[PDB]
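structure_22.txt follows; it contains compact mmCIF, C-alpha atoms and all ligand atoms.
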# COMPACT_ATOMS: atom_id res chain seq x y z
CA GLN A 3 -0.55 -52.72 -55.61
CA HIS A 4 3.05 -52.09 -56.61
CA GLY A 5 5.59 -54.79 -55.81
CA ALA A 6 9.21 -54.91 -54.72
CA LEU A 7 10.76 -54.91 -58.17
CA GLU A 8 8.09 -52.95 -60.00
CA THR A 9 8.27 -49.86 -57.79
CA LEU A 10 12.07 -49.89 -58.03
CA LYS A 11 11.99 -50.55 -61.76
CA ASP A 12 9.50 -47.73 -62.25
CA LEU A 13 11.81 -45.35 -60.41
CA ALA A 14 14.82 -46.49 -62.45
CA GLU A 15 12.83 -45.97 -65.64
CA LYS A 16 11.94 -42.44 -64.57
CA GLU A 17 15.58 -41.73 -63.69
CA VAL A 18 16.55 -42.93 -67.18
CA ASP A 19 13.98 -40.71 -68.88
CA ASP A 20 15.08 -37.77 -66.74
CA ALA A 21 18.73 -38.42 -67.61
CA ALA A 22 17.97 -38.61 -71.34
CA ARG A 23 16.20 -35.26 -71.23
CA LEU A 24 19.07 -33.75 -69.27
CA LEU A 25 21.47 -35.16 -71.86
CA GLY A 26 19.30 -33.63 -74.58
CA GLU A 27 19.41 -30.22 -72.93
CA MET A 28 23.19 -30.38 -72.49
CA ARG A 29 23.75 -31.44 -76.10
CA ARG A 30 21.53 -28.71 -77.54
CA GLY A 31 23.31 -26.20 -75.35
CA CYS A 32 26.77 -27.40 -76.44
CA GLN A 33 25.77 -27.28 -80.11
CA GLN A 34 24.45 -23.73 -79.76
CA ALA A 35 27.59 -22.62 -77.89
CA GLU A 36 29.71 -23.95 -80.75
CA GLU A 37 27.56 -22.19 -83.37
CA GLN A 38 27.86 -18.90 -81.49
CA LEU A 39 31.63 -19.34 -81.18
CA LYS A 40 31.78 -20.24 -84.87
CA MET A 41 29.96 -17.06 -85.90
CA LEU A 42 32.43 -14.93 -83.96
CA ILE A 43 35.46 -16.57 -85.53
CA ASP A 44 33.96 -16.03 -88.99
CA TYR A 45 33.21 -12.41 -88.11
CA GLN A 46 36.85 -12.17 -87.10
CA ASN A 47 38.23 -13.69 -90.29
CA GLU A 48 35.97 -11.67 -92.59
CA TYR A 49 36.97 -8.57 -90.64
CA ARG A 50 40.62 -9.51 -91.13
CA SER A 51 40.65 -10.70 -94.76
CA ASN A 52 39.06 -7.25 -95.17
CA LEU A 53 41.79 -5.19 -93.56
CA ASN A 54 43.38 -4.36 -96.91
CA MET A 57 44.35 2.79 -97.24
CA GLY A 58 46.32 5.81 -96.08
CA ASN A 59 48.94 6.65 -93.44
CA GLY A 60 48.19 8.98 -90.53
CA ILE A 61 45.06 9.80 -92.50
CA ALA A 62 43.72 6.27 -92.10
CA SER A 63 45.18 6.21 -88.60
CA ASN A 64 41.64 6.24 -87.24
CA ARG A 65 41.34 2.92 -89.07
CA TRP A 66 44.40 1.35 -87.43
CA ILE A 67 42.95 2.50 -84.12
CA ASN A 68 39.45 1.16 -84.80
CA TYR A 69 41.03 -2.09 -85.91
CA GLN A 70 42.97 -2.61 -82.69
CA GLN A 71 40.04 -1.78 -80.45
CA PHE A 72 37.61 -4.01 -82.30
CA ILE A 73 39.92 -7.01 -82.60
CA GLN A 74 40.61 -6.85 -78.86
CA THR A 75 36.88 -6.64 -78.15
CA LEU A 76 36.15 -9.54 -80.47
CA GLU A 77 38.98 -11.69 -79.08
CA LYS A 78 37.51 -11.09 -75.64
CA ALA A 79 34.14 -12.37 -76.81
CA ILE A 80 35.76 -15.38 -78.47
CA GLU A 81 37.62 -16.30 -75.27
CA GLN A 82 34.44 -16.19 -73.20
CA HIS A 83 32.52 -18.27 -75.73
CA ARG A 84 35.35 -20.79 -75.97
CA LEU A 85 35.15 -21.06 -72.19
CA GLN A 86 31.37 -21.51 -72.33
CA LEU A 87 31.76 -24.32 -74.89
CA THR A 88 34.26 -25.99 -72.57
CA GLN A 89 31.65 -25.81 -69.80
CA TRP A 90 28.85 -27.26 -71.95
CA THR A 91 31.19 -29.99 -73.19
CA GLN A 92 31.94 -31.08 -69.64
CA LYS A 93 28.21 -31.05 -68.83
CA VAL A 94 27.47 -33.26 -71.85
CA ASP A 95 30.17 -35.72 -70.82
CA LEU A 96 28.70 -35.96 -67.31
CA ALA A 97 25.07 -36.16 -68.46
CA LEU A 98 26.07 -38.93 -70.87
CA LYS A 99 27.87 -40.93 -68.16
CA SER A 100 24.86 -40.48 -65.87
CA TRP A 101 22.40 -41.69 -68.50
CA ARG A 102 24.54 -44.74 -69.31
CA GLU A 103 24.72 -45.97 -65.72
CA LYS A 104 21.04 -45.37 -64.99
CA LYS A 105 20.33 -47.21 -68.24
CA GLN A 106 22.37 -50.11 -66.87
CA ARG A 107 20.55 -49.97 -63.54
CA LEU A 108 17.22 -50.21 -65.39
CA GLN A 109 18.33 -53.26 -67.38
CA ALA A 110 19.27 -54.91 -64.08
CA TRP A 111 15.77 -54.40 -62.68
CA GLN A 112 14.39 -55.65 -66.00
CA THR A 113 16.40 -58.85 -65.62
CA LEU A 114 15.00 -59.40 -62.12
CA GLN A 115 11.45 -58.95 -63.42
CA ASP A 116 12.07 -61.48 -66.16
CA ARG A 117 13.09 -63.98 -63.49
CA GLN A 118 9.95 -63.11 -61.54
CA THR A 119 7.84 -63.81 -64.61
CA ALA A 120 9.66 -67.14 -64.78
CA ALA A 121 9.20 -67.95 -61.09
CA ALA A 122 5.51 -67.01 -61.20
CA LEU A 123 4.75 -69.09 -64.30
CA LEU A 124 6.60 -72.01 -62.75
CA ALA A 125 4.78 -71.64 -59.41
CA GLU A 126 1.39 -71.51 -61.13
CA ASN A 127 2.30 -74.61 -63.15
CA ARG A 128 3.24 -76.60 -60.06
CA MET A 129 0.40 -75.55 -57.75
CA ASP A 130 -2.25 -76.03 -60.44
CA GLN A 131 -1.36 -79.70 -60.88
CA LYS A 132 -0.04 -80.59 -57.44
CA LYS A 133 -3.67 -80.47 -56.42
CA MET A 134 -4.52 -83.19 -58.99
CA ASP A 135 -1.21 -85.05 -59.39
CA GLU A 136 -1.09 -86.83 -56.03
CA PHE A 137 -4.83 -87.31 -55.67
CA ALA A 138 -4.32 -89.49 -58.73
CA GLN B 3 20.36 -49.26 -93.99
CA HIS B 4 20.54 -51.69 -91.09
CA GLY B 5 23.72 -51.71 -89.02
CA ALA B 6 25.82 -54.32 -87.24
CA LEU B 7 24.02 -54.20 -83.91
CA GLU B 8 20.57 -53.25 -85.15
CA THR B 9 20.15 -56.22 -87.49
CA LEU B 10 21.34 -58.57 -84.74
CA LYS B 11 19.21 -56.85 -82.12
CA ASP B 12 16.19 -57.04 -84.41
CA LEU B 13 16.72 -60.78 -84.82
CA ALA B 14 17.12 -61.26 -81.06
CA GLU B 15 13.92 -59.31 -80.48
CA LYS B 16 12.06 -61.53 -82.93
CA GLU B 17 13.48 -64.65 -81.27
CA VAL B 18 12.23 -63.31 -77.92
CA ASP B 19 8.73 -62.65 -79.26
CA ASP B 20 8.68 -66.09 -80.88
CA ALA B 21 9.80 -67.70 -77.62
CA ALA B 22 7.12 -65.88 -75.61
CA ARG B 23 4.41 -67.10 -77.98
CA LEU B 24 5.78 -70.62 -77.80
CA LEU B 25 5.77 -70.36 -74.01
CA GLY B 26 2.18 -69.14 -74.18
CA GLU B 27 1.14 -72.10 -76.30
CA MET B 28 2.87 -74.57 -73.97
CA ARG B 29 1.30 -73.04 -70.87
CA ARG B 30 -2.22 -73.02 -72.31
CA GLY B 31 -1.72 -76.62 -73.36
CA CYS B 32 -0.47 -77.67 -69.91
CA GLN B 33 -3.39 -75.92 -68.20
CA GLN B 34 -5.90 -77.64 -70.47
CA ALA B 35 -4.25 -81.04 -69.94
CA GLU B 36 -4.58 -80.56 -66.18
CA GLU B 37 -8.25 -79.55 -66.48
CA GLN B 38 -8.99 -82.63 -68.59
CA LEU B 39 -7.17 -84.85 -66.09
CA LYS B 40 -9.04 -83.13 -63.26
CA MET B 41 -12.43 -83.83 -64.84
CA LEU B 42 -11.61 -87.52 -65.14
CA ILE B 43 -10.56 -87.83 -61.52
CA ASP B 44 -13.78 -86.12 -60.43
CA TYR B 45 -15.78 -88.43 -62.69
CA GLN B 46 -13.97 -91.27 -60.96
CA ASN B 47 -14.67 -90.08 -57.42
CA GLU B 48 -18.33 -89.27 -58.10
CA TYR B 49 -18.65 -92.69 -59.71
CA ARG B 50 -17.09 -94.24 -56.61
CA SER B 51 -18.78 -92.26 -53.80
CA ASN B 52 -21.84 -93.49 -55.73
CA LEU B 53 -21.12 -97.20 -55.61
CA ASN B 54 -23.36 -97.71 -52.59
CA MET B 57 -27.85 -103.19 -54.02
CA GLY B 58 -28.32 -106.93 -54.42
CA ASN B 59 -26.15 -110.05 -54.66
CA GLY B 60 -25.93 -112.12 -57.85
CA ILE B 61 -28.91 -110.03 -58.93
CA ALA B 62 -26.82 -106.85 -58.97
CA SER B 63 -23.90 -108.89 -60.26
CA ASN B 64 -24.24 -107.06 -63.58
CA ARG B 65 -23.45 -103.98 -61.50
CA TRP B 66 -20.25 -105.40 -59.99
CA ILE B 67 -19.25 -106.33 -63.53
CA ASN B 68 -20.09 -102.92 -65.03
CA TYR B 69 -18.19 -101.33 -62.17
CA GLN B 70 -14.98 -103.26 -62.81
CA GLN B 71 -15.03 -102.68 -66.54
CA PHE B 72 -15.70 -98.97 -66.25
CA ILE B 73 -13.16 -98.27 -63.51
CA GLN B 74 -10.48 -100.04 -65.56
CA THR B 75 -11.45 -98.02 -68.63
CA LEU B 76 -11.41 -94.78 -66.65
CA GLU B 77 -8.08 -95.57 -64.96
CA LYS B 78 -6.65 -96.15 -68.42
CA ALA B 79 -7.81 -92.71 -69.52
CA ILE B 80 -6.43 -91.13 -66.35
CA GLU B 81 -3.01 -92.73 -66.90
CA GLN B 82 -2.80 -91.43 -70.46
CA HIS B 83 -3.84 -87.93 -69.42
CA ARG B 84 -1.39 -87.93 -66.52
CA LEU B 85 1.28 -88.84 -69.07
CA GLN B 86 0.15 -86.04 -71.40
CA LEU B 87 0.35 -83.52 -68.53
CA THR B 88 3.89 -84.72 -67.83
CA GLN B 89 4.73 -84.06 -71.49
CA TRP B 90 3.22 -80.56 -71.50
CA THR B 91 4.96 -79.78 -68.21
CA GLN B 92 8.34 -80.65 -69.69
CA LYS B 93 7.55 -78.53 -72.76
CA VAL B 94 6.66 -75.55 -70.56
CA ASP B 95 9.91 -75.91 -68.61
CA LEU B 96 11.92 -75.93 -71.84
CA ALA B 97 9.99 -73.08 -73.49
CA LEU B 98 10.50 -71.03 -70.32
CA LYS B 99 14.26 -71.68 -70.24
CA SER B 100 14.46 -70.80 -73.93
CA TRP B 101 12.59 -67.52 -73.48
CA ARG B 102 14.76 -66.53 -70.51
CA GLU B 103 18.05 -66.95 -72.35
CA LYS B 104 16.86 -65.23 -75.53
CA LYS B 105 15.60 -62.44 -73.27
CA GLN B 106 19.11 -62.20 -71.85
CA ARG B 107 20.64 -62.19 -75.33
CA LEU B 108 18.36 -59.29 -76.29
CA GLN B 109 19.38 -57.24 -73.24
CA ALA B 110 23.01 -57.78 -74.24
CA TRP B 111 22.40 -56.33 -77.70
CA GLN B 112 20.46 -53.49 -76.05
CA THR B 113 23.49 -52.69 -73.90
CA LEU B 114 25.73 -52.54 -76.98
CA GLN B 115 23.31 -50.15 -78.68
CA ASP B 116 23.30 -47.91 -75.63
CA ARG B 117 27.08 -47.70 -75.89
CA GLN B 118 26.73 -46.90 -79.58
CA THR B 119 24.36 -44.07 -78.77
CA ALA B 120 27.03 -42.88 -76.34
CA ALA B 121 29.89 -43.21 -78.83
CA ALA B 122 27.91 -41.45 -81.57
CA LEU B 123 26.88 -38.52 -79.37
CA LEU B 124 30.47 -38.19 -78.18
CA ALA B 125 31.86 -38.35 -81.75
CA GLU B 126 29.41 -35.71 -82.95
CA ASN B 127 30.36 -33.49 -80.00
CA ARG B 128 34.07 -33.71 -80.76
CA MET B 129 33.96 -33.37 -84.55
CA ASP B 130 31.51 -30.45 -84.42
CA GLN B 131 33.89 -28.34 -82.33
CA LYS B 132 37.26 -29.68 -83.42
CA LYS B 133 36.60 -27.76 -86.59
CA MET B 134 36.31 -24.50 -84.60
CA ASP B 135 38.40 -25.21 -81.49
CA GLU B 136 41.87 -25.14 -83.04
CA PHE B 137 41.11 -22.52 -85.66
CA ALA B 138 40.62 -20.35 -82.59
HG HG C 1 29.34 -29.01 -78.55
HG HG C 2 0.04 -77.53 -66.24
Encoded form using structure tokens:
Amino acid sequence: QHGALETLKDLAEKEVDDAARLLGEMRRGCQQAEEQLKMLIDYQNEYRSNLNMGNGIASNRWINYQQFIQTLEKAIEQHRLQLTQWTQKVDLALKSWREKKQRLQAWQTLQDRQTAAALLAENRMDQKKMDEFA
Amino acid sequence: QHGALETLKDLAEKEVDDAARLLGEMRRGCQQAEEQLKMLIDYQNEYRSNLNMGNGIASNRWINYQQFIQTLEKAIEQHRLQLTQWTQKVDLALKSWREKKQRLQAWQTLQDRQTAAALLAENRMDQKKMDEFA
């Protein structure tokens, strides 16, 4: 039953829908990666703003401080990297959706012309039969 | 609430719908005009194929024949003319719909780019805030 344009338009439409969902997944992922990174940086600042006791007595504190900050910075670097990765994925998913969206419009335009051609053909053949016989 | 594109796209969409209904009215009218013309031509042929009695005695028949055929031909000419008028209206309504359909797609394309720009802006501003502070 399908036709030339319709089958191709249907595929393009599906590609568009697929691309939009992919874009949605990438965006949600990028937003979550940023929230996770954000939480770590806040944890860091609160931990810092807080670092205000003794000398060698609170030496264990200086030590704990150094170890933790290094561990936290490590986490922050990895999450920053992850955000960079999600960001790139969003950019690509967005570009992909845009072009498939443009491909779909192109098939839509062809169909509109087909609707035109068909209506025009019907108009001519339905009266040709009774125009000349006049 | 409306925006630049949306208000314009909404108008274009309405123009498209209006044009499609106009096209529908013109097509239905053209189809009916052709059916009416068709009926008359059949009436004519049946009347003719039928014209097969006397001489001066059936003179009233020759007379009736001439008067009726002339009356029918007159009707046929007017209906042929009406069909010509509907046909031209269909052609124009079709052209109008096509271009408004193309105007709508153009506004659709702009909106798609706006969806892109917005998603991209959101992505950048939501992490700018936590990218540098890193
Ligand atoms: Hg993000
Ligand atoms: Hg017609």
Could you check how far atom CA of residue 10 of chain A sits from atom CA of residue 111 of chain A, in Å to one decimal?
-> 7.5 Å
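Going from atom CA of residue 25 of chain B to atom CA of residue 98 of chain B covers 6.0 Å.
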Could you list the protein, DNA and RNA residues that have any atom within 6 Å of ligand HG 1 (chain C), counting only C-alpha atoms and all ligand atoms, and write them as a PDB file with C-alpha atoms, keeping the file's coordinate frame?
ATOM      1  CA  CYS A  32      26.770 -27.400 -76.440  1.00  0.00           C
ATOM      2  CA  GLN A  33      25.770 -27.280 -80.110  1.00  0.00           C
ATOM      3  CA  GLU A  36      29.710 -23.950 -80.750  1.00  0.00           C
ATOM      4  CA  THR A  91      31.190 -29.990 -73.190  1.00  0.00           C
TER       5      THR A  91
ATOM      6  CA  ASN B 127      30.360 -33.490 -80.000  1.00  0.00           C
ATOM      7  CA  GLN B 131      33.890 -28.340 -82.330  1.00  0.00           C
TER       8      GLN B 131
END
Nearest-residue call for ligand HG 2 (chain C), choices B:21, B:41, B:28, B:125, using all atoms listed in the file =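 Of B:21, B:41, B:28, B:125, the one nearest ligand HG 2 (chain C), counting all atoms listed in the file, is B:28.
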Kindly assemble as a Markdown table a list of the chain B residues that lie within 12 Å of ligand HG 2 (chain C), each paired with its nearest atom pair and their distance in Å to one decimal, using only C-alpha atoms and all ligand atoms, sorted first by chain and then by ascending residue number.
| residue | atom | partner | partner_atom | distance |
| --- | --- | --- | --- | --- |
| B:26 | CA | C:HG2 | HG | 11.7 |
| B:27 | CA | C:HG2 | HG | 11.5 |
| B:28 | CA | C:HG2 | HG | 8.7 |
| B:29 | CA | C:HG2 | HG | 6.6 |
| B:30 | CA | C:HG2 | HG | 7.9 |
| B:31 | CA | C:HG2 | HG | 7.4 |
| B:32 | CA | C:HG2 | HG | 3.7 |
| B:33 | CA | C:HG2 | HG | 4.3 |
| B:34 | CA | C:HG2 | HG | 7.3 |
| B:35 | CA | C:HG2 | HG | 6.7 |
| B:36 | CA | C:HG2 | HG | 5.5 |
| B:37 | CA | C:HG2 | HG | 8.5 |
| B:38 | CA | C:HG2 | HG | 10.6 |
| B:39 | CA | C:HG2 | HG | 10.3 |
| B:40 | CA | C:HG2 | HG | 11.1 |
| B:83 | CA | C:HG2 | HG | 11.5 |
| B:84 | CA | C:HG2 | HG | 10.5 |
| B:85 | CA | C:HG2 | HG | 11.7 |
| B:86 | CA | C:HG2 | HG | 10.0 |
| B:87 | CA | C:HG2 | HG | 6.4 |
| B:88 | CA | C:HG2 | HG | 8.3 |
| B:89 | CA | C:HG2 | HG | 9.6 |
| B:90 | CA | C:HG2 | HG | 6.9 |
| B:91 | CA | C:HG2 | HG | 5.8 |
| B:92 | CA | C:HG2 | HG | 9.5 |
| B:93 | CA | C:HG2 | HG | 10.0 |
| B:94 | CA | C:HG2 | HG | 8.1 |
| B:95 | CA | C:HG2 | HG | 10.3 |
How would chain A read as a short mmCIF file (atom, residue, chain, number, x, y, z; two decimals) with C-alpha atoms, in the coordinates of the input once least-squares superposed on chain B using all paired C-alpha atoms?
data_model
loop_
_atom_site.label_atom_id
_atom_site.label_comp_id
_atom_site.auth_asym_id
_atom_site.auth_seq_id
_atom_site.Cartn_x
_atom_site.Cartn_y
_atom_site.Cartn_z
CA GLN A 3 20.37 -49.26 -93.99
CA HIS A 4 20.55 -51.69 -91.09
CA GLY A 5 23.73 -51.71 -89.02
CA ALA A 6 25.82 -54.32 -87.24
CA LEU A 7 24.02 -54.20 -83.92
CA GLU A 8 20.58 -53.25 -85.15
CA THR A 9 20.15 -56.22 -87.49
CA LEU A 10 21.34 -58.57 -84.74
CA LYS A 11 19.21 -56.85 -82.12
CA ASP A 12 16.18 -57.04 -84.40
CA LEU A 13 16.71 -60.78 -84.82
CA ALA A 14 17.12 -61.27 -81.06
CA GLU A 15 13.92 -59.31 -80.48
CA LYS A 16 12.06 -61.53 -82.93
CA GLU A 17 13.48 -64.65 -81.27
CA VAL A 18 12.23 -63.32 -77.92
CA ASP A 19 8.74 -62.65 -79.26
CA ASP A 20 8.68 -66.09 -80.88
CA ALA A 21 9.79 -67.71 -77.62
CA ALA A 22 7.12 -65.88 -75.61
CA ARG A 23 4.41 -67.10 -77.97
CA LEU A 24 5.78 -70.63 -77.80
CA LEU A 25 5.77 -70.36 -74.01
CA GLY A 26 2.18 -69.14 -74.18
CA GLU A 27 1.14 -72.11 -76.30
CA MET A 28 2.87 -74.57 -73.97
CA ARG A 29 1.30 -73.03 -70.87
CA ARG A 30 -2.22 -73.03 -72.31
CA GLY A 31 -1.72 -76.62 -73.36
CA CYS A 32 -0.47 -77.67 -69.90
CA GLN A 33 -3.39 -75.92 -68.20
CA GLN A 34 -5.90 -77.64 -70.48
CA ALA A 35 -4.25 -81.04 -69.94
CA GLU A 36 -4.58 -80.56 -66.18
CA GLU A 37 -8.25 -79.55 -66.48
CA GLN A 38 -8.99 -82.63 -68.58
CA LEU A 39 -7.17 -84.85 -66.09
CA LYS A 40 -9.04 -83.13 -63.26
CA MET A 41 -12.43 -83.83 -64.85
CA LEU A 42 -11.62 -87.52 -65.14
CA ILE A 43 -10.56 -87.83 -61.52
CA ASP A 44 -13.78 -86.12 -60.43
CA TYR A 45 -15.78 -88.43 -62.69
CA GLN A 46 -13.97 -91.27 -60.96
CA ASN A 47 -14.67 -90.07 -57.43
CA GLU A 48 -18.33 -89.27 -58.10
CA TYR A 49 -18.65 -92.69 -59.71
CA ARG A 50 -17.09 -94.24 -56.60
CA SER A 51 -18.78 -92.26 -53.81
CA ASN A 52 -21.84 -93.49 -55.73
CA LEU A 53 -21.11 -97.20 -55.61
CA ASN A 54 -23.36 -97.71 -52.59
CA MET A 57 -27.85 -103.19 -54.02
CA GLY A 58 -28.32 -106.92 -54.43
CA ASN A 59 -26.14 -110.05 -54.66
CA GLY A 60 -25.93 -112.12 -57.84
CA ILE A 61 -28.90 -110.03 -58.94
CA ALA A 62 -26.83 -106.85 -58.97
CA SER A 63 -23.90 -108.89 -60.26
CA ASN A 64 -24.24 -107.07 -63.57
CA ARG A 65 -23.45 -103.98 -61.50
CA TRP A 66 -20.25 -105.39 -59.99
CA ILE A 67 -19.25 -106.33 -63.53
CA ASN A 68 -20.08 -102.92 -65.02
CA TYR A 69 -18.19 -101.33 -62.17
CA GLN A 70 -14.98 -103.26 -62.81
CA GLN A 71 -15.03 -102.67 -66.54
CA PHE A 72 -15.70 -98.96 -66.25
CA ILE A 73 -13.16 -98.28 -63.51
CA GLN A 74 -10.48 -100.04 -65.56
CA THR A 75 -11.45 -98.01 -68.63
CA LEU A 76 -11.41 -94.78 -66.66
CA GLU A 77 -8.09 -95.57 -64.96
CA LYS A 78 -6.66 -96.15 -68.42
CA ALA A 79 -7.81 -92.71 -69.52
CA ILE A 80 -6.43 -91.13 -66.35
CA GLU A 81 -3.01 -92.73 -66.90
CA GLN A 82 -2.79 -91.43 -70.46
CA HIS A 83 -3.85 -87.93 -69.42
CA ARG A 84 -1.39 -87.93 -66.53
CA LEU A 85 1.28 -88.84 -69.07
CA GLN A 86 0.14 -86.04 -71.40
CA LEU A 87 0.36 -83.52 -68.53
CA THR A 88 3.89 -84.72 -67.83
CA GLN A 89 4.73 -84.06 -71.48
CA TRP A 90 3.22 -80.56 -71.50
CA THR A 91 4.96 -79.77 -68.21
CA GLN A 92 8.34 -80.65 -69.69
CA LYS A 93 7.56 -78.53 -72.76
CA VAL A 94 6.67 -75.54 -70.56
CA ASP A 95 9.90 -75.91 -68.61
CA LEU A 96 11.92 -75.94 -71.84
CA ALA A 97 9.99 -73.08 -73.48
CA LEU A 98 10.50 -71.03 -70.32
CA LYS A 99 14.26 -71.68 -70.24
CA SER A 100 14.46 -70.79 -73.94
CA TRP A 101 12.59 -67.52 -73.48
CA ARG A 102 14.76 -66.52 -70.51
CA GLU A 103 18.05 -66.95 -72.35
CA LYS A 104 16.87 -65.23 -75.53
CA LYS A 105 15.60 -62.45 -73.27
CA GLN A 106 19.11 -62.19 -71.85
CA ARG A 107 20.64 -62.20 -75.33
CA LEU A 108 18.37 -59.28 -76.29
CA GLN A 109 19.37 -57.24 -73.24
CA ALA A 110 23.01 -57.77 -74.24
CA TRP A 111 22.40 -56.32 -77.71
CA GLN A 112 20.46 -53.49 -76.05
CA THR A 113 23.49 -52.70 -73.90
CA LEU A 114 25.73 -52.54 -76.98
CA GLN A 115 23.31 -50.15 -78.68
CA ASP A 116 23.29 -47.91 -75.63
CA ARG A 117 27.08 -47.70 -75.89
CA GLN A 118 26.73 -46.91 -79.59
CA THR A 119 24.36 -44.07 -78.77
CA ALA A 120 27.03 -42.88 -76.35
CA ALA A 121 29.89 -43.22 -78.83
CA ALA A 122 27.91 -41.45 -81.57
CA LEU A 123 26.88 -38.52 -79.36
CA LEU A 124 30.47 -38.19 -78.19
CA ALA A 125 31.86 -38.35 -81.74
CA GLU A 126 29.41 -35.70 -82.95
CA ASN A 127 30.36 -33.49 -80.00
CA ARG A 128 34.07 -33.72 -80.76
CA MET A 129 33.96 -33.36 -84.55
CA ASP A 130 31.51 -30.45 -84.42
CA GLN A 131 33.89 -28.34 -82.33
CA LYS A 132 37.26 -29.68 -83.42
CA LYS A 133 36.60 -27.76 -86.59
CA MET A 134 36.31 -24.49 -84.60
CA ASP A 135 38.40 -25.21 -81.48
CA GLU A 136 41.87 -25.14 -83.04
CA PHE A 137 41.11 -22.51 -85.66
CA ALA A 138 40.62 -20.34 -82.59
#
Have a look at B:70, B:47, B:59, B:64 and name the one nearest to chain A; count all atoms listed in the file.
->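 Result for the nearest residue to chain A: B:47.
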Pick from B:115, B:106, B:75, B:52: nearest to chain A, with only C-alpha atoms counted?
->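 Of B:115, B:106, B:75, B:52, the one nearest chain A, counting only C-alpha atoms, is B:106.
Atom pair atom CA of residue 120 of chain A / atom CA of residue 16 of chain A has a distance of 24.8 Å (rounded to one decimal).
Take the candidates A:12, A:19, A:136, A:116 and check each one against chain B using all atoms listed in the file; the shortest distance goes to A:116.
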